[PDB]
Amino acid sequence: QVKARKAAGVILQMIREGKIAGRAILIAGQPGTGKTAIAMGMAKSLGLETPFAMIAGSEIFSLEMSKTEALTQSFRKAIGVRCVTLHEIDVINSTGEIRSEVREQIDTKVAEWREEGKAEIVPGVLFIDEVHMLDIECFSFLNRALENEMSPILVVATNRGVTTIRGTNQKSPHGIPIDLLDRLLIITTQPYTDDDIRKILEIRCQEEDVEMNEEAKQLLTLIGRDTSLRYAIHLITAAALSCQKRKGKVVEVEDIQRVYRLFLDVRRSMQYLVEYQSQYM
Amino acid sequence: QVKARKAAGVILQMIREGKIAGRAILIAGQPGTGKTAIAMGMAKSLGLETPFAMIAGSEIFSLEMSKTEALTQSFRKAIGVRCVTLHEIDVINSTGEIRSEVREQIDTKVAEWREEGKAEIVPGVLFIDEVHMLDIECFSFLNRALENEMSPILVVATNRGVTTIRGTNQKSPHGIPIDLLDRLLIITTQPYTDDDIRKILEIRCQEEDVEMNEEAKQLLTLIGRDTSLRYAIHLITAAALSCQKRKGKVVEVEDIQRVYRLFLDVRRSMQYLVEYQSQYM
Amino acid sequence: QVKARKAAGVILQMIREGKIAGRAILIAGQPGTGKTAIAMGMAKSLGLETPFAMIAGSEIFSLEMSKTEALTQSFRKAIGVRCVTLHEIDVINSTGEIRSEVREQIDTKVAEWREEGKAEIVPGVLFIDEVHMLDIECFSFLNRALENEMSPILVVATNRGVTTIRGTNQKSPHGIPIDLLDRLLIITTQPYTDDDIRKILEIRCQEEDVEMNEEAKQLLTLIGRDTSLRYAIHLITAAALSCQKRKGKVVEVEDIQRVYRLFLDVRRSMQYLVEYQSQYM
Amino acid sequence: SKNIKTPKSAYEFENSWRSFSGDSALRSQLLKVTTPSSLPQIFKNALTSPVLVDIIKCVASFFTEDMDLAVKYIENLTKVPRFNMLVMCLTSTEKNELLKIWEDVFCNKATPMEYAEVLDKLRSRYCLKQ
Amino acid sequence: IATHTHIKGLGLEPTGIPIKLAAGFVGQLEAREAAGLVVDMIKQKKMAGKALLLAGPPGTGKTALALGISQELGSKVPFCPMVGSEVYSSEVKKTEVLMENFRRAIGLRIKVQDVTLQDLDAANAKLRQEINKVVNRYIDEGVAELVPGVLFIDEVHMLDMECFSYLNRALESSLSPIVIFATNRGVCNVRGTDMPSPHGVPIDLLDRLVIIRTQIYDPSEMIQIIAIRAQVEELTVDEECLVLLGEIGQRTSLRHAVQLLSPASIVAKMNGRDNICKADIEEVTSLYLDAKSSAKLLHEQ
Amino acid sequence: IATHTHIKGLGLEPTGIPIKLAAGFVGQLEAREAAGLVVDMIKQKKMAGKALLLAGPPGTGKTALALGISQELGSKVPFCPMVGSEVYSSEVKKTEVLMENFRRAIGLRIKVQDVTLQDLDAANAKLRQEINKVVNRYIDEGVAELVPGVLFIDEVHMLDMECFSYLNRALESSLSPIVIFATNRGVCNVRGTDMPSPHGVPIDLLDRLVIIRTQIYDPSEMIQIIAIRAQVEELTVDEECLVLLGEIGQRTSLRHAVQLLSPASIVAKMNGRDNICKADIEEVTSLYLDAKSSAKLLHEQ
Amino acid sequence: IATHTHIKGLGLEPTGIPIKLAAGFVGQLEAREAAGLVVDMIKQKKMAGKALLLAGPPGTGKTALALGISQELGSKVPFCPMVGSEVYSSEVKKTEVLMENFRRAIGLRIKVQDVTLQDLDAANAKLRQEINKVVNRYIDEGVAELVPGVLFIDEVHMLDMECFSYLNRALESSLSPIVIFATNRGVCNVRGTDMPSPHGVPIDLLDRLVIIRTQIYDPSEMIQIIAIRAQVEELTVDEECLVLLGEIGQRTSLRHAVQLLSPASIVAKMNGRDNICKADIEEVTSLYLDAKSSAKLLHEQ
Ligand SMILES: Nc1ncnc2c1ncn2[C@@H]1O[C@H](COP(=O)(O)OP(=O)(O)O)[C@@H](O)[C@H]1O
Ligand SMILES: Nc1ncnc2c1ncn2[C@@H]1O[C@H](COP(=O)(O)OP(=O)(O)O)[C@@H](O)[C@H]1O
Ligand SMILES: Nc1ncnc2c1ncn2[C@@H]1O[C@H](COP(=O)(O)OP(=O)(O)O)[C@@H](O)[C@H]1O
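If you check the header, you'll see the entry was determined by cryo-EM and the resolution is listed as 3.68 Å.

## Quick word on the overall build of chain D
Regarding its fold elements, chain D presents eight helices and zero strands. When the helices and strands of chain D are read in sequence order from the N terminus, they spell out α-α-α-α-α-α-α-α. In terms of overall size, chain D behaves like a compact globule, its C-alpha atoms giving a radius of gyration of 14 Å where 130 residues would be expected to give roughly 14 Å. The principal-axis extent of the C-alpha atoms belonging to chain D is close to 40 × 30 × 25 Å.

## Notes on helix α13 (residues 291–300) of chain F
Along α13(F), the residues classified as buried are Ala291(F), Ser294(F), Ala295(F) and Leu298(F). One side of α13(F) holds all its buried residues, which, seen down the axis, span an arc of 100°. Structural note: α13(F) exposes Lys296(F) and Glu300(F) on the side pointing more than 90 degrees away from its buried face. Where α13(F) is buried, its residues contact β1 (24–29), β7 (153–158), α7 (178–181) and β10 (184–189) of chain A together with β13 (288–289) of chain F. You can read the cap of α13(F) off the contacts: a side-chain oxygen lies 3.1 Å from the backbone nitrogen of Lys292(F), and it is on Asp290(F).

## Quick look at the domain arrangement of chain A
Examined at the domain level, chain A breaks down into domain 1 (3–189) and domain 2 (194–269). Spacing between the C-alpha centres of domain 1 of chain A and domain 2 of chain A amounts to 37 Å.

## With respect to the sheet that holds strand β8 (residues 150–154) of chain E
Strands belonging to one sheet form pairs held by backbone hydrogen bonds; the direction of such a pair is parallel or antiparallel. All names here are of chain E. On the basis of which strands lie adjacent, the open sheet formed by five strands has the order β4-β8-β9-β3-β12 and parallel pairing. The strands lining the two open edges of the sheet, one partner per strand, are β4 (79–83) and β12 (209–213). Put simply, the sheet's adjacent strands are angled 20° from each other on average, direction ignored. Across the sheet, helix α2 (residues 62–73) lies against β3 (51–55), β4, β8 and β9 (178–183), angled at about 175° from β8, the strand it touches most.

## Quick notes on the site of ligand 1
All names here are of chain E. Around ligand 1 lies a shell of 17 residues, among which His-4, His-6, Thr-60, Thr-63 and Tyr-217 are the nearest. Between an oxygen atom of ligand 1 and a main-chain N or O atom of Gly-61, the distance comes to 3.1 Å. The side chain of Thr-63 places a nitrogen or oxygen atom 2.8 Å from an oxygen atom of ligand 1. With the chains in place, 92% of the 540 Å² that ligand 1 exposes on its own is no longer accessible. Broken down by secondary-structure element, the contributors of at least two residues to the shell around ligand 1 are β2 (25–26), α2 and α9 (219–232). Per element, the largest residue contribution to the shell around ligand 1 is three residues, and it comes from α2.

## Things to note about the arrangement of the chains
The protein chains that touch form eight pairs of chains, and the pair with the most contacts between them is chains A and G. No part of chain A reaches chain C; the closest C-alpha pair between them is 13 Å apart. Left apart from each other, chain B and chain G have a closest C-alpha approach of 23 Å.

## Comments concerning the site of ligand 3
Residue and element names in this part refer to chain G. If you check the shell around ligand 3, you find 20 residues, and the closest are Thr-3, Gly-59, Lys-62, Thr-63 and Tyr-217. A total of 540 Å² of accessible area belongs to ligand 3 in isolation, and the protein chains cover 98% of it. At the level of secondary structure, the elements contributing two or more residues to the shell around ligand 3 comprise β2 (25–26), α2 (62–73), α8 (219–232) and α10 (254–259). In terms of residue count, the dominant contributor to the shell around ligand 3 is α2 (three residues). Of the residues contributing to the shell around ligand 3, the split by class is eight nonpolar, eight polar and four charged.

## Notes on the sheet that holds strand β4 (residues 84–85) of chain A
Residue and element names in this part refer to chain A. Strand order in the open sheet formed by three strands is β4-β3-β5, with antiparallel pairing between adjacent strands. With partners counted over all chains shown, the strands left at the sheet margins are β4 and β5 (121–123), one partner each. Here strand β3 (residues 79–81) runs beside β5; their pairing, made up of three bridges, is antiparallel. For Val-81, the partnering residue across the bridge sits in β5 and is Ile-121.

## Here we look at the nonpolar core
Within the largest apolar cluster, 99 residues are counted, with the highest numbers of intra-cluster contacts made by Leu220(A), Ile223(A), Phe263(A), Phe106(D), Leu52(G), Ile180(G) and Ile212(G). Element by element, the count of residues in this core is highest for helix α10 (residues 229–245) of chain A, at eleven residues.

## With respect to the interface of chain G and chain A
Contacts between the two partners involve 45 residues from chain G and, on the opposite side, 35 residues from chain A. At the boundary of chain G with chain A, total buried surface from both sides reaches about 3,500 Å², with 62% on carbon and sulfur atoms. The tally of links between chain G and chain A comes to five salt bridges. Our count for the contact surface shared by chain G and chain A stands at eleven residue pairs in polar contact. Put simply, the parts of the chain that give the side of chain G that touches chain A at least two residues each are α1 (29–43), α6 (161–170), α7 (203–206) and β12 (209–213) of chain G. Element by element, the count of residues in the side of chain G that touches chain A is highest for α1(G), at seven residues. For the side of chain G that touches chain A, the residue count by class is 19 nonpolar, twelve polar and 14 charged. As paired elements, strand β11 (residues 263–264) of chain A and β12(G) share two bridges and run antiparallel to each other. Of the residues in β12(G), the one forming a bridge with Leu264(A) is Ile211(G).

What counts, and at which threshold
- Residues numbered from 1 in each chain as written, not as in the entry; some residues may be left out.
- Chains lettered and ligands numbered in written order.
- Heavy atoms only, no water.
- Residues with missing side-chain atoms left out of burial classes, pairs and counts.
- Helix = DSSP H or I, 4+ residues; strand = E, 2+ residues; numbered from the N terminus.
- Rg over C-alpha atoms; globule rule 2.2 N^0.38 Å.
- Buried < 20%, exposed > 50% of the residue type's maximum accessible area, 1.4 Å probe, protein only.
- Arc of directions from axis to C-beta.
- Contact = heavy atoms within 4.5 Å.
- Polar contact = N/O pair within 3.5 Å; in protein donor to acceptor, adjacent residues only side chain to side chain.
- Domains from an automatic or database assignment.
- Pairing = 2+ DSSP bridges.
- Axes fitted to C-alpha atoms, helices over the stretch in contact; angles between N-to-C directions.
- Near = heavy atom within 4 Å.
- Areas by Shrake-Rupley, 256 points an atom, 1.4 Å probe, with all protein chains shown as cover.
- Nonpolar A, V, L, I, M, F, W, Y, C, P; charged D, E, K, R; others polar.
- Core = buried A, V, L, I, M, F, W, Y, C linked by side-chain atoms within 4.5 Å.
- Buried area = accessible area lost by both parts, 1.4 Å probe.
- Salt bridge = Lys/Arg side-chain N within 4 Å of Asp/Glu carboxyl O.

Now the structure itself:
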């Protein structure tokens, strides 16, 4: 993820200069390709003191509170004063209704403390995974919230191509309305190559205190290529435990053979049950 | 209109002779062909005293009121007492007029006046413009309400062929149930002819205070015949303003050609945009 | 029905030895093949003192009370305390609401008062007729209710092969979830034979005080075989009154011919209606 | 005859392999009732390294019987998905015994050079000795 | 029932065979004989637990047959017609209006004033079981008597599955009237579910239906019908216009050739002659179209 | 609406024929002349009860023409842009959002200071009718003066039958603004029905719509648009860079091409060059894809 | 789990390779070895943030493999089975049923008093984080010990996106049990959406599943399974009828063949014999059809 990180850095330099204006960001790529890592790195590189908020597309349907209430809480969480976020000010002054008096108090207090040269307001970053799951009312609320001057930088993320906007019949790119899509800087994340998979598995083996020879490492890199990286990450732990049961001190090609034979990936299991269902009818 | 007006005259003699009990009227021609004009003509030819209750099918479903509340309000508004309508009597005695006990009181009190001869009653004309948009519950309410001896003369209008009734999967003519279609006297209104278009454009010109030579008038008649009468009525105003801008007085054929070049009729714009939408796909 | 009744006898022995536990019974076959007769026969064969409850079908989803309340009341109906059932105790202690205190009180009583003829309990034979109409909510409630101690012996009926589960999209045999179907002893009822149709018609002749010769009996048996048993049973009454109109002492073959000409069956009328509707519309 | 039929899928192949696992005779004749051209359609990544070694060894059982079919079958084994990682997944015991089978069966003096060249070309990429 | 005021009864001989022309009914001998047999079955209470269905095309005298049955049952026997579309309503539950019409057909006479059972609930109300119990006590004491009316339900396929099931259980009540469904469809999915069934009725209710066929008319019978409707409306007609009216009834429906009679009289009065001529029928047929032809002209143009 | 900052008016001659380059507009002569005639129709009271519909492909300047009209009517006549998807809101009704924008579009000046009618509607909270009566009394006294604005409704097909019928009702009000629908869909099913209609608009409302056609651009016109947009954002840019940007604009859309200018400036600022170069656009178009290309890329994977 | 009594763990050697016949398990060597490896992963706390999936045909060990995993962790360790339909109880919210089973699986012992996390909520009944932090404080203090159980969920495709999202969020908790999904479906649409996905699971949850394949059985292994089930039921059988029972299991299902044993004993008792003869098996399978053959009979006529 070099080109995507480069594009994120360009948007960071845009945000520092104030050129982002009413626009937002979309991360469009296959699942589990460093989306949240990109967003968290973006928020950190804005500043370690910068607030950050995260939410999944399906979390708003938790039914504890409405969709727009959860989106309002996520938006308020991604704004700060310095430290305390506006969600924390709401909790201190409390769920209930977000009264407009808190915004007036924020404006007057931050103006007074900025006059004193002691504190200022800071916009943060709000990250929305699985934006294609958002309803059309949620997109209208997103436009309404982004219209406010206090709004943070929005980073939506999708892993879906052209699809129906959920709750309507119109098919649009990424399941997003058009009017949002004309003002989104779409960062695309490419799939991982052999060297990236090898480096990631090396870092994970270092983190797991697992040592492996080069033959097993290359075989695992091939497994990660042909069966996605996360399955290889699971096989690292499984093969470490198999080697521990074998009373060895290093995990070899025999252990990878055993673990690959035992624990299936999604493709082979899906194929096996599809073949059964073809036989069964 | 010639045949439709004669049919309306025959129905007028029928209601005037008191032979309409258990029937209604349907005007099932093309849109923008004097449905409402025939409705007000019927209401006037009965008498100036007889009230006329206009309503369209899409209006009752506004969220400020229920479908049955709007329908019963429009139903009661079409019944005059002598001059005052029953809705006005409810306003005096008291949609917003959601009040059942005093509805019973009003029915009893106007009943004793009707029996005693102190205040007579006149049924009016209830016009429903978009009856295909009424649901099966609305049609059931209309069928129930027509059974009352205090009911008005029901006229319904539509421009839909065979279609499915709203709230049901059954297909029928005009989106009306068969039990109501078996009672409806179906007027059909023909499209305007060349002489009718020329005449209507002449009255619209004299009302607008717009002067044209005969070549411009016959070209505009050809335009109205080709595309639509309402589009030609728009072109009258547009050509008048175009001639006034050029410091001329009489609207010439060249102004009409310019206005036809600029402002598109519905079908031409639809075809031009369909070409793009088929190309971009 | 001999095979189905033998299966009911084997299930009854399983009930008596107590080997049936966490299990239910299903009675399949074409409609009207005496399934309720099998259910009540099993219920009485356990004992006349034991309770019985036929509640289900599309009867649920139409009463004033919710589906879960009706299912709970019927489940409590089929648990006989000796006789008075638990549901009768609930009505005495009173739909309203179901009090959970009764389970604690009766648990204490059966712990204390048993083998005295006061508060012993026998489990009844619940019967859920036409179970394919039940929702997935109802099946989940059935699973939660069967696992409770002192539950009734569930029996269900179905006359459909493979249907969509009510409340979900996925199909299943008998419109029942697979987790239910992996516990049901499925009794299958064969269609009636000629000797069964003749005996049933003779029983209905004896019941209604109708006498008819052997030619009429054989032709009616043929009609019932070809057309339907219930159609022949209607023909018995109709031909009886047809012969009474002629002042005859015994119904003759001409009465059966006349009534078969007059009163159509379902299949013949279906044929005569499609033969109109396909051509003339 | 009815026990040995065409498998339609890797499910069918594996369930035939399990039932016929202990008896090699119904495994050496199993490969005759199926077309090797259908083999990459049968296996749609559902092929593990022990099954690969078993199928290669079973083709070696009737190598000399229909040599072309053997060099077709092994060639068709190259067309399965995830072949490269599969041969990379071999343990040293299977690697050594495949080398032994190469010098014994698939590179004997009996076979002609026409099939031998193709078999050695494929075996250059199977064993991957280095 | 403004359109069947001429239907006095089935018009049956003492032997039960229909007369060719009697009691307003002209033609339709098979269905009239079947209705006579069903009337005899109501008179001795052998239809308790079953119901009647009239399966036939439109304008085939199904509603006339039901009115004839209700007239043949007794003098002032009530007759409640309704449609399936009427069962759906925004203000009242569908089941509630179903029982409203169901109980409205159960007549009673108290020794002598006559009143329907639904009036008792309307006055005393929901609590219908108690009303049933007290009228049962009344009739068992002999001070009052019950007459079962005729609940005619046209467009039976429009009823929902809940409606069909509730009618199936509600027919079990001893006080219930004869329910006469009417249909003209045949193959039709049961409303509210996806399963096909005959006549849009479920199997569980089709178990207890006695079906009667009604057959389409030849032109002579239809012309006789239009003549009878002409006399009953106090209109004057002749064969030259009646033949054209019969052709119009054949080509669209007998329910549209009997609706055109009054405006034909009106346009005759506009033309300055009191008697309808062929030109009057031509004019009113040109003016007023049937629903099918009107929708056809709408979608084609 | 920072993208339309450069537009200041339709840019017409006194005779009404458009100028090739004036008031920020370039090209689009037919739609500009049509909008000028509509502006002259609006200066008189002949636009009452009607609305405008800009039908054309995306990126052809429909919102540009609407803002040009709203600038042409007066000094600061209000412009209230929206989209159809904005109507669907969970907090408030669709009709409430429609009336909110509809009344935001209306302007009133009082002796002098200006204010929208939404301020009166919200602060002085039957409300619509009462405040309409108040404003009618105020203007009839000859002391308040009405400046109607422009309600630009993009993505008109996103609305449904209820919204279109309500707009047809509300357009007849005396104080209504100049509702300017905009669309790029040829024939579409109106939401809530299964009736295809032109532009996703129903037939009942389509009668009162003056329609304007907007043309796709020549390459040189796209070059001039990108040039003025870069100039107004205070960027300096090479000619061949403009050629590449115009190629990208014709490839995907003009909106994407204009939006790439800011990241092009930021990429040029990196590596220490004030002037934007061709390699900056070759980098930026690779970094940021348009929506259609990104959806295609995701569907390939 | 009246069945699965014979299963008393996976029955593995110390090296971890399964024994061909031990602890009730017959055959199924690959899935048993993988289950033992997952048990060893659970023992060293490596399965936190992951779940297990048993993909295979019905009657191929899956629910029995989960019970073996739960037994191998310890005798006190609980096992909570459920099905996807069970979440759709109307009286209680679906997420509440999920989290109730989730907390029922979590075992604890206070030192000894063995309690699940559901009972601690019932005695202190929502308010979930209070009990979670309290048990965290207890196990940190050493007064209590945590034994996570096995939450087994068969028919996982029936769960919807709300259920899957709640499970994905709830797996992040440190005190979570081992969620063993079990499935016999390939590509399938996730409930509440339209797109197909593997096993009817979303991709987001599939990014943390360890998948184990369970193979279908030979005739010999099935005959051994039925023999074990017959012996555990205290039924005396011979090889002759056991071959027929294996045939019946191979033709319909293993569950059906296991469930036929009790009525076979009853029919044998009716014929005056304790032993289950072959004719008894023929009689019972002639009487009690499985679901699929019964549906094939019902589909006909
Ligand atoms: N046999 C008949 N005798 C007299 N009138 C009839 C006969 N059949 C139909 N009609 C008349 O047909 C007209 C329409 O009613 P009907 O045909 O009963 O409608 P439907 O068949 O749709 O219920 C009524 O005037 C009715 O009297
Ligand atoms: N005629 C024109 N002259 C100059 N610039 C234009 C013209 N038309 C469009 N633009 C510019 O191109 C962009 C394209 O967007 P636009 O066409 O307004 O979207 P829509 O077609 O949806 O209204 C605008 O932001 C505007 O700055
Ligand atoms: N390895 C095994 N050893 C013994 N019996 C088994 C074994 N695997 C499955 N069974 C039997 O198979 C029956 C049905 O299979 P089950 O374990 O429930 O799996 P599934 O969930 O796929 O139905 C169980 O009741 C059990 O008695």
